[PDB]
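Colleague: Structure: target38.txt, compact mmCIF, N, CA and C atoms and all ligand atoms.
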```
# COMPACT_ATOMS: atom_id res chain seq x y z
N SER A 7 0.82 -1.22 0.00
CA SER A 7 0.00 0.00 0.00
C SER A 7 0.87 1.30 0.00
N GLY A 8 0.25 2.43 -0.32
CA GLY A 8 0.94 3.72 -0.35
C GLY A 8 0.51 4.65 -1.48
N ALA A 9 0.64 5.96 -1.26
CA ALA A 9 0.26 6.98 -2.24
C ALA A 9 1.26 8.18 -2.25
N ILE A 10 1.18 9.05 -3.29
CA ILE A 10 1.92 10.31 -3.43
C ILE A 10 0.87 11.45 -3.24
N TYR A 11 1.17 12.40 -2.38
CA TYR A 11 0.30 13.53 -2.09
C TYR A 11 0.98 14.79 -2.55
N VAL A 12 0.56 15.36 -3.68
CA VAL A 12 1.15 16.58 -4.23
C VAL A 12 0.03 17.59 -4.56
N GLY A 13 0.05 18.74 -3.90
CA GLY A 13 -0.99 19.75 -4.07
C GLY A 13 -2.34 19.21 -3.64
N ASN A 14 -3.38 19.40 -4.47
CA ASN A 14 -4.70 18.83 -4.15
C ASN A 14 -4.90 17.43 -4.77
N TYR A 15 -3.80 16.68 -4.98
CA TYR A 15 -3.87 15.34 -5.59
C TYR A 15 -3.31 14.22 -4.74
N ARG A 16 -3.94 13.05 -4.86
CA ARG A 16 -3.49 11.79 -4.29
C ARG A 16 -3.24 10.88 -5.50
N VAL A 17 -2.03 10.32 -5.63
CA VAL A 17 -1.69 9.39 -6.69
C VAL A 17 -1.57 8.01 -6.08
N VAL A 18 -2.31 7.02 -6.57
CA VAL A 18 -2.25 5.65 -6.02
C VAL A 18 -2.19 4.64 -7.18
N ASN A 19 -1.86 3.34 -6.88
CA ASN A 19 -2.00 2.29 -7.89
C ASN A 19 -3.51 2.19 -8.23
N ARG A 20 -3.84 2.11 -9.50
CA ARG A 20 -5.25 2.06 -9.92
C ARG A 20 -5.93 0.82 -9.36
N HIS A 21 -5.22 -0.33 -9.31
CA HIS A 21 -5.80 -1.58 -8.77
C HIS A 21 -6.07 -1.54 -7.25
N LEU A 22 -5.48 -0.58 -6.54
CA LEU A 22 -5.71 -0.43 -5.11
C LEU A 22 -6.58 0.81 -4.76
N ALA A 23 -7.10 1.54 -5.77
CA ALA A 23 -7.89 2.75 -5.51
C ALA A 23 -9.17 2.41 -4.71
N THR A 24 -9.58 3.31 -3.81
CA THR A 24 -10.76 3.13 -2.94
C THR A 24 -12.08 3.69 -3.58
N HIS A 25 -13.24 3.59 -2.86
CA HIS A 25 -14.47 4.19 -3.34
C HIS A 25 -14.33 5.70 -3.40
N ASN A 26 -13.69 6.31 -2.38
CA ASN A 26 -13.44 7.76 -2.30
C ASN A 26 -12.61 8.24 -3.46
N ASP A 27 -11.51 7.52 -3.80
CA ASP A 27 -10.68 7.82 -4.97
C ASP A 27 -11.51 7.90 -6.24
N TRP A 28 -12.38 6.90 -6.49
CA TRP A 28 -13.21 6.88 -7.70
C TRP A 28 -14.32 7.94 -7.65
N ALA A 29 -14.82 8.26 -6.44
CA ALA A 29 -15.84 9.30 -6.29
C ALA A 29 -15.27 10.71 -6.46
N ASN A 30 -13.92 10.86 -6.36
CA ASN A 30 -13.20 12.11 -6.51
C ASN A 30 -12.13 11.99 -7.62
N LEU A 31 -12.37 11.14 -8.62
CA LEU A 31 -11.52 10.87 -9.77
C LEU A 31 -11.15 12.13 -10.55
N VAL A 32 -9.85 12.31 -10.86
CA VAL A 32 -9.31 13.39 -11.69
C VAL A 32 -8.89 12.76 -13.06
N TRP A 33 -8.17 11.63 -12.99
CA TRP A 33 -7.63 10.92 -14.15
C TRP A 33 -7.24 9.47 -13.74
N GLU A 34 -7.39 8.53 -14.65
CA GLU A 34 -6.97 7.15 -14.42
C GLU A 34 -6.51 6.55 -15.74
N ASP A 35 -5.54 5.62 -15.67
CA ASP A 35 -5.06 4.98 -16.88
C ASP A 35 -4.73 3.54 -16.53
N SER A 36 -5.61 2.61 -16.95
CA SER A 36 -5.45 1.19 -16.68
C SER A 36 -4.12 0.66 -17.22
N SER A 37 -3.68 1.19 -18.40
CA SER A 37 -2.44 0.72 -19.00
C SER A 37 -1.20 1.14 -18.19
N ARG A 38 -1.30 2.14 -17.31
CA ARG A 38 -0.19 2.58 -16.45
C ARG A 38 -0.35 2.11 -14.98
N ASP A 39 -1.53 1.51 -14.65
CA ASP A 39 -1.93 1.13 -13.30
C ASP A 39 -1.92 2.40 -12.42
N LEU A 40 -2.33 3.57 -12.95
CA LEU A 40 -2.37 4.80 -12.12
C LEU A 40 -3.78 5.38 -12.00
N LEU A 41 -4.04 6.03 -10.89
CA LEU A 41 -5.27 6.73 -10.66
C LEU A 41 -4.92 7.92 -9.80
N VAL A 42 -5.48 9.09 -10.13
CA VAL A 42 -5.26 10.31 -9.37
C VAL A 42 -6.65 10.81 -8.93
N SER A 43 -6.79 11.04 -7.63
CA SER A 43 -8.01 11.60 -7.04
C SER A 43 -7.73 12.93 -6.35
N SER A 44 -8.80 13.72 -6.13
CA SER A 44 -8.68 15.02 -5.47
C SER A 44 -8.73 14.90 -3.95
N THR A 45 -8.11 15.84 -3.23
CA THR A 45 -8.06 15.81 -1.76
C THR A 45 -8.44 17.18 -1.18
N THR A 46 -8.90 17.23 0.09
CA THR A 46 -9.25 18.49 0.75
C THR A 46 -8.11 19.05 1.63
N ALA A 47 -6.87 18.68 1.33
CA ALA A 47 -5.71 19.15 2.09
C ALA A 47 -4.51 19.24 1.14
N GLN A 48 -3.50 20.04 1.49
CA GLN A 48 -2.33 20.19 0.63
C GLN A 48 -1.37 19.04 0.76
N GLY A 49 -0.75 18.72 -0.37
CA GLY A 49 0.25 17.68 -0.50
C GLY A 49 1.61 18.32 -0.66
N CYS A 50 2.53 17.88 0.15
CA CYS A 50 3.86 18.46 0.17
C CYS A 50 4.94 17.59 -0.48
N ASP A 51 4.53 16.55 -1.26
CA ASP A 51 5.53 15.76 -1.98
C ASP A 51 5.99 16.56 -3.19
N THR A 52 7.23 16.41 -3.53
CA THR A 52 7.84 17.08 -4.67
C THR A 52 7.99 16.03 -5.75
N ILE A 53 7.53 16.31 -6.96
CA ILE A 53 7.68 15.37 -8.06
C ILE A 53 8.96 15.74 -8.79
N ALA A 54 9.78 14.75 -9.11
CA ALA A 54 11.01 14.97 -9.85
C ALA A 54 10.67 15.16 -11.31
N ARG A 55 11.43 16.01 -11.98
CA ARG A 55 11.28 16.28 -13.40
C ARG A 55 12.68 16.04 -13.94
N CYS A 56 12.95 14.78 -14.35
CA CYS A 56 14.29 14.39 -14.74
C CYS A 56 14.30 13.08 -15.56
N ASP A 57 15.52 12.60 -15.91
CA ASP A 57 15.73 11.32 -16.57
C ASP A 57 16.70 10.46 -15.73
N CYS A 58 16.63 10.58 -14.38
CA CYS A 58 17.46 9.80 -13.45
C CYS A 58 17.17 8.33 -13.65
N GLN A 59 18.19 7.53 -13.56
CA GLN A 59 18.10 6.08 -13.59
C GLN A 59 18.63 5.43 -12.32
N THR A 60 18.81 6.22 -11.24
CA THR A 60 19.20 5.73 -9.93
C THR A 60 18.32 6.43 -8.88
N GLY A 61 18.07 5.72 -7.81
CA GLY A 61 17.23 6.24 -6.74
C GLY A 61 17.12 5.26 -5.59
N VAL A 62 16.15 5.50 -4.69
CA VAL A 62 15.92 4.69 -3.49
C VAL A 62 14.40 4.42 -3.41
N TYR A 63 14.02 3.16 -3.19
CA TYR A 63 12.59 2.85 -3.02
C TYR A 63 12.30 2.28 -1.63
N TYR A 64 11.07 2.46 -1.13
CA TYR A 64 10.68 1.88 0.14
C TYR A 64 10.05 0.49 -0.11
N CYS A 65 10.55 -0.53 0.60
CA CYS A 65 10.07 -1.91 0.49
C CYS A 65 9.38 -2.33 1.79
N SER A 66 8.02 -2.27 1.82
CA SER A 66 7.27 -2.57 3.02
C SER A 66 7.47 -4.00 3.54
N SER A 67 7.65 -4.98 2.64
CA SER A 67 7.89 -6.38 2.99
C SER A 67 9.24 -6.60 3.70
N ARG A 68 10.12 -5.58 3.73
CA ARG A 68 11.37 -5.68 4.47
C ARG A 68 11.51 -4.54 5.50
N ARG A 69 10.55 -3.57 5.57
CA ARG A 69 10.64 -2.36 6.40
C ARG A 69 12.00 -1.64 6.15
N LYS A 70 12.38 -1.54 4.87
CA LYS A 70 13.69 -0.99 4.53
C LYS A 70 13.65 -0.23 3.21
N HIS A 71 14.58 0.71 3.04
CA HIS A 71 14.76 1.43 1.80
C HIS A 71 15.95 0.78 1.06
N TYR A 72 15.85 0.64 -0.25
CA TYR A 72 16.96 0.06 -1.02
C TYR A 72 17.38 0.96 -2.18
N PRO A 73 18.69 1.17 -2.37
CA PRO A 73 19.14 1.92 -3.56
C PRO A 73 19.04 1.02 -4.83
N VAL A 74 18.60 1.58 -5.96
CA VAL A 74 18.45 0.82 -7.20
C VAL A 74 18.90 1.60 -8.41
N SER A 75 19.31 0.88 -9.46
CA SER A 75 19.47 1.40 -10.81
C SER A 75 18.17 0.90 -11.50
N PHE A 76 17.50 1.75 -12.26
CA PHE A 76 16.26 1.36 -12.91
C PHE A 76 16.28 1.72 -14.39
N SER A 77 15.43 1.06 -15.20
CA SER A 77 15.40 1.30 -16.63
C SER A 77 14.54 2.52 -17.00
N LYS A 78 14.61 2.97 -18.26
CA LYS A 78 13.79 4.09 -18.73
C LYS A 78 12.33 3.66 -18.89
N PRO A 79 11.34 4.55 -18.66
CA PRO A 79 9.93 4.14 -18.78
C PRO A 79 9.60 3.55 -20.15
N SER A 80 8.96 2.38 -20.15
CA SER A 80 8.63 1.69 -21.39
C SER A 80 7.44 0.72 -21.23
N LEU A 81 7.01 0.09 -22.34
CA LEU A 81 5.92 -0.88 -22.39
C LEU A 81 6.48 -2.24 -22.02
N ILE A 82 5.96 -2.85 -20.96
CA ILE A 82 6.47 -4.14 -20.51
C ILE A 82 5.32 -5.12 -20.26
N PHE A 83 5.44 -6.39 -20.73
CA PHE A 83 4.40 -7.40 -20.52
C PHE A 83 4.19 -7.73 -19.01
N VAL A 84 2.92 -7.82 -18.57
CA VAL A 84 2.51 -8.12 -17.20
C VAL A 84 1.40 -9.21 -17.21
N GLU A 85 1.62 -10.28 -16.42
CA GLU A 85 0.71 -11.42 -16.29
C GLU A 85 -0.66 -11.04 -15.75
N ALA A 86 -1.69 -11.86 -16.06
CA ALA A 86 -3.05 -11.64 -15.53
C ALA A 86 -3.04 -11.69 -14.00
N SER A 87 -3.98 -11.00 -13.31
CA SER A 87 -3.89 -10.96 -11.85
C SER A 87 -5.17 -11.25 -11.06
N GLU A 88 -6.25 -10.55 -11.39
CA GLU A 88 -7.56 -10.43 -10.71
C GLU A 88 -8.05 -8.97 -10.92
N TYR A 89 -7.09 -8.04 -11.07
CA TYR A 89 -7.29 -6.64 -11.35
C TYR A 89 -7.18 -6.44 -12.88
N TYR A 90 -6.30 -7.18 -13.58
CA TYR A 90 -6.14 -6.98 -15.04
C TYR A 90 -5.93 -8.26 -15.85
N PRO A 91 -6.31 -8.27 -17.14
CA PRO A 91 -5.93 -9.43 -17.99
C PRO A 91 -4.44 -9.30 -18.41
N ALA A 92 -3.86 -10.32 -19.07
CA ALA A 92 -2.46 -10.24 -19.55
C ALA A 92 -2.34 -9.05 -20.54
N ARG A 93 -1.31 -8.18 -20.38
CA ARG A 93 -1.23 -6.95 -21.20
C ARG A 93 0.16 -6.27 -21.13
N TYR A 94 0.39 -5.23 -21.95
CA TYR A 94 1.60 -4.43 -21.81
C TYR A 94 1.27 -3.24 -20.91
N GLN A 95 2.07 -3.03 -19.85
CA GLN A 95 1.87 -1.86 -18.99
C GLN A 95 2.85 -0.81 -19.49
N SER A 96 2.37 0.39 -19.77
CA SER A 96 3.23 1.46 -20.26
C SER A 96 3.80 2.30 -19.10
N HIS A 97 4.86 3.11 -19.41
CA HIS A 97 5.54 4.00 -18.47
C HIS A 97 6.06 3.23 -17.25
N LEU A 98 6.52 2.00 -17.48
CA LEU A 98 7.00 1.12 -16.42
C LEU A 98 8.53 1.04 -16.43
N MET A 99 9.12 1.07 -15.23
CA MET A 99 10.60 1.02 -15.08
C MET A 99 10.98 -0.15 -14.19
N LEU A 100 11.93 -1.00 -14.62
CA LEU A 100 12.33 -2.15 -13.81
C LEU A 100 13.67 -1.92 -13.13
N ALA A 101 13.85 -2.57 -11.99
CA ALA A 101 15.09 -2.60 -11.20
C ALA A 101 15.27 -3.99 -10.61
N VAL A 102 16.52 -4.34 -10.29
CA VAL A 102 16.83 -5.58 -9.60
C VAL A 102 16.70 -5.26 -8.10
N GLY A 103 15.77 -5.94 -7.46
CA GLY A 103 15.49 -5.71 -6.06
C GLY A 103 14.31 -6.51 -5.57
N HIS A 104 14.22 -6.67 -4.25
CA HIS A 104 13.14 -7.39 -3.64
C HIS A 104 11.81 -6.62 -3.67
N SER A 105 10.73 -7.38 -3.91
CA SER A 105 9.36 -6.89 -3.90
C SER A 105 8.39 -8.06 -3.81
N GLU A 106 7.24 -7.80 -3.17
CA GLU A 106 6.12 -8.71 -2.95
C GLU A 106 4.82 -7.95 -3.22
N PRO A 107 3.71 -8.63 -3.57
CA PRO A 107 2.51 -7.88 -4.03
C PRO A 107 2.05 -6.71 -3.16
N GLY A 108 2.09 -6.86 -1.84
CA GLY A 108 1.72 -5.79 -0.91
C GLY A 108 2.68 -4.61 -0.86
N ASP A 109 3.78 -4.67 -1.63
CA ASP A 109 4.77 -3.59 -1.75
C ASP A 109 4.33 -2.45 -2.66
N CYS A 110 3.31 -2.69 -3.51
CA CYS A 110 2.74 -1.66 -4.41
C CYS A 110 2.42 -0.38 -3.65
N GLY A 111 2.75 0.78 -4.19
CA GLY A 111 2.50 2.04 -3.48
C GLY A 111 3.75 2.59 -2.81
N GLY A 112 4.77 1.74 -2.60
CA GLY A 112 6.05 2.21 -2.07
C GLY A 112 6.68 3.21 -3.04
N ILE A 113 7.16 4.32 -2.52
CA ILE A 113 7.72 5.37 -3.35
C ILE A 113 9.14 5.11 -3.77
N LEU A 114 9.44 5.50 -5.03
CA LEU A 114 10.81 5.51 -5.59
C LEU A 114 11.17 7.01 -5.69
N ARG A 115 12.31 7.41 -5.11
CA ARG A 115 12.76 8.79 -5.08
C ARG A 115 14.20 8.90 -5.56
N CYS A 116 14.51 10.03 -6.22
CA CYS A 116 15.90 10.36 -6.58
C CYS A 116 16.21 11.70 -5.85
N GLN A 117 17.39 12.30 -6.09
CA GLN A 117 17.73 13.58 -5.45
C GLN A 117 16.73 14.71 -5.79
N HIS A 118 16.01 14.59 -6.92
CA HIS A 118 15.07 15.62 -7.37
C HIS A 118 13.66 15.48 -6.79
N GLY A 119 13.37 14.35 -6.12
CA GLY A 119 12.05 14.12 -5.56
C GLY A 119 11.43 12.78 -5.94
N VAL A 120 10.10 12.70 -5.86
CA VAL A 120 9.37 11.47 -6.17
C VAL A 120 9.42 11.11 -7.66
N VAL A 121 9.85 9.89 -7.99
CA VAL A 121 9.94 9.36 -9.37
C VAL A 121 8.70 8.51 -9.78
N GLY A 122 8.27 7.63 -8.88
CA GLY A 122 7.13 6.77 -9.13
C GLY A 122 6.76 5.91 -7.95
N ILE A 123 5.88 4.89 -8.18
CA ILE A 123 5.48 4.01 -7.07
C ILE A 123 5.60 2.55 -7.52
N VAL A 124 5.87 1.62 -6.56
CA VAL A 124 5.95 0.19 -6.93
C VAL A 124 4.59 -0.26 -7.56
N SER A 125 4.63 -1.01 -8.67
CA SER A 125 3.40 -1.44 -9.35
C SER A 125 3.45 -2.90 -9.75
N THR A 126 4.64 -3.43 -10.08
CA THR A 126 4.84 -4.85 -10.47
C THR A 126 6.11 -5.43 -9.77
N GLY A 127 6.37 -6.72 -9.93
CA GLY A 127 7.54 -7.36 -9.37
C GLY A 127 7.48 -8.87 -9.52
N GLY A 128 8.49 -9.52 -8.97
CA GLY A 128 8.65 -10.97 -9.01
C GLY A 128 10.01 -11.35 -9.57
N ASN A 129 10.57 -12.46 -9.12
CA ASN A 129 11.83 -13.03 -9.62
C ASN A 129 13.07 -12.15 -9.41
N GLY A 130 13.10 -11.40 -8.31
CA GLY A 130 14.24 -10.54 -8.01
C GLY A 130 14.18 -9.21 -8.74
N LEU A 131 13.01 -8.87 -9.32
CA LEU A 131 12.79 -7.63 -10.03
C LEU A 131 11.69 -6.83 -9.33
N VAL A 132 11.74 -5.50 -9.48
CA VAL A 132 10.71 -4.62 -8.98
C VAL A 132 10.39 -3.63 -10.10
N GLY A 133 9.10 -3.43 -10.38
CA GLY A 133 8.67 -2.50 -11.41
C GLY A 133 7.97 -1.29 -10.81
N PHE A 134 8.31 -0.09 -11.30
CA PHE A 134 7.74 1.17 -10.80
C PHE A 134 6.95 1.90 -11.90
N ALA A 135 5.74 2.35 -11.57
CA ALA A 135 4.93 3.19 -12.45
C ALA A 135 5.54 4.60 -12.40
N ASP A 136 6.06 5.11 -13.52
CA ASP A 136 6.64 6.46 -13.54
C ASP A 136 5.57 7.56 -13.40
N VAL A 137 5.91 8.69 -12.74
CA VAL A 137 4.98 9.83 -12.64
C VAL A 137 5.63 11.14 -13.12
N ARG A 138 6.93 11.13 -13.51
CA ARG A 138 7.68 12.32 -13.89
C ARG A 138 7.17 13.05 -15.12
N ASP A 139 6.43 12.36 -16.00
CA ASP A 139 5.87 13.00 -17.18
C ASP A 139 4.53 13.72 -16.93
N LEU A 140 3.89 13.49 -15.76
CA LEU A 140 2.58 14.11 -15.45
C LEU A 140 2.79 15.50 -14.92
N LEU A 141 3.13 16.41 -15.84
CA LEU A 141 3.48 17.79 -15.50
C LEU A 141 2.33 18.53 -14.80
N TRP A 142 1.07 18.14 -15.10
CA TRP A 142 -0.11 18.77 -14.51
C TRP A 142 -0.24 18.54 -13.00
N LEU A 143 0.50 17.57 -12.43
CA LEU A 143 0.47 17.33 -10.99
C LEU A 143 0.89 18.58 -10.19
N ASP A 144 1.72 19.46 -10.80
CA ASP A 144 2.25 20.68 -10.17
C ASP A 144 1.41 21.93 -10.33
N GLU A 145 0.56 22.02 -11.35
CA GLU A 145 -0.25 23.23 -11.56
C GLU A 145 -1.74 23.01 -11.30
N1 LIG B 201 0.51 -3.62 -12.24
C1 LIG B 201 -0.09 -4.80 -12.26
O1 LIG B 201 -0.71 -5.22 -13.25
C2 LIG B 201 0.04 -5.63 -10.99
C3 LIG B 201 -1.31 -5.72 -10.25
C4 LIG B 201 -1.21 -6.57 -8.97
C5 LIG B 201 -0.56 -7.92 -9.24
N2 LIG B 201 0.70 -7.74 -9.98
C6 LIG B 201 1.94 -8.10 -9.56
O2 LIG B 201 2.94 -7.78 -10.18
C7 LIG B 201 2.03 -8.97 -8.32
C8 LIG B 201 3.39 -8.89 -7.67
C9 LIG B 201 4.15 -10.05 -7.45
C10 LIG B 201 5.40 -10.00 -6.86
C11 LIG B 201 5.95 -8.79 -6.47
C12 LIG B 201 5.22 -7.61 -6.65
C13 LIG B 201 5.38 -6.23 -6.34
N3 LIG B 201 4.32 -5.53 -6.70
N4 LIG B 201 3.45 -6.42 -7.27
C14 LIG B 201 3.95 -7.68 -7.26
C15 LIG B 201 0.52 -7.06 -11.26
ZN ZN B 202 16.11 12.72 -10.70
```
Can the structure in the file be given as structure tokens, please?
Modeller:
Amino acid sequence: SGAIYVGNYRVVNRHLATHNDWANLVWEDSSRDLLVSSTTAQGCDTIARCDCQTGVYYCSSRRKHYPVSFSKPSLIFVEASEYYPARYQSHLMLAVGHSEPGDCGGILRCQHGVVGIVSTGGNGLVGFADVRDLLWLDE
């Protein structure tokens, strides 16, 4: 579990979004596993605007932060789950690191701020949904 709070927005994994999230929907994209809802309080997270390929992510299944090298956002195949059929997830970045299904929502950060959130994983890999291209999160 976990979300990004920036301005009047909450960013969460689309497969974990609540009734409140959908009742206050701003934007959602099933192909990115992202959903953004509105909030009645200010968000003080800073979104990075960069092409960093190194950072640190929070891993709830280990109660620890891990440094990672990650790939550039791209279309990557993802197995069927209960939330989605087999498909290509776009704007996805992979890293070598530990992750388990309940790790989704853990933030990936670089020196510039928030990069994305855990969305996929398995086999010693962790996948992050990128948020650096969503320039509207700031205005
Ligand atoms: N974005 C999706 O379509 C996902 C929806 C939930 C299921 N899913 C996974 O990847 C499950 C999984 C296994 C093993 C480590 C991890 C870490 N996070 N998620 C992990 C696919
Ligand atoms: Zn950066």
Colleague: To test the calculation: enclose all listed atoms of ligand LIG 201 (chain B) in a box whose edges run along x, y and z, add 8 Å on each side, then state centre and edge lengths in Å to one decimal, as JSON.
Modeller:
```
{"center_x": 2.3, "center_y": -6.8, "center_z": -9.8, "size_x": 23.3, "size_y": 22.4, "size_z": 22.9}
```
Colleague: Show me which residues sit within 7 Å of ligand LIG 201 (chain B) when counting all atoms listed in the file, and put them as a list in words.
Modeller: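 Counting only what the definition allows, namely all atoms listed in the file, the set is residues 21, 38, 39, 84, 85, 86, 87, 88, 89, 90, 104, 105, 106, 107, 108, 109, 110, 111, 124, 125, 126, 127, 128, 129, 131, 132 and 133 of chain A.
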Colleague: Would you mind reading off the distance between atom C of residue 29 of chain A and atom C of residue 113 of chain A, one decimal, in Å?
Modeller: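 Here the two named atoms are 25.2 Å from each other.
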Colleague: Please compute the atom CA of residue 59 of chain A-atom CA of residue 10 of chain A distance, one decimal, in Å.
Modeller: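 Distance between the two atoms: 19.6 Å.
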Colleague: Considering only N, CA and C atoms, can you say which of A:116, A:141, A:17, A:41 comes closest to residue 61 of chain A?
Modeller: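 Using only N, CA and C atoms, residue 61 of chain A sits closest to A:116.
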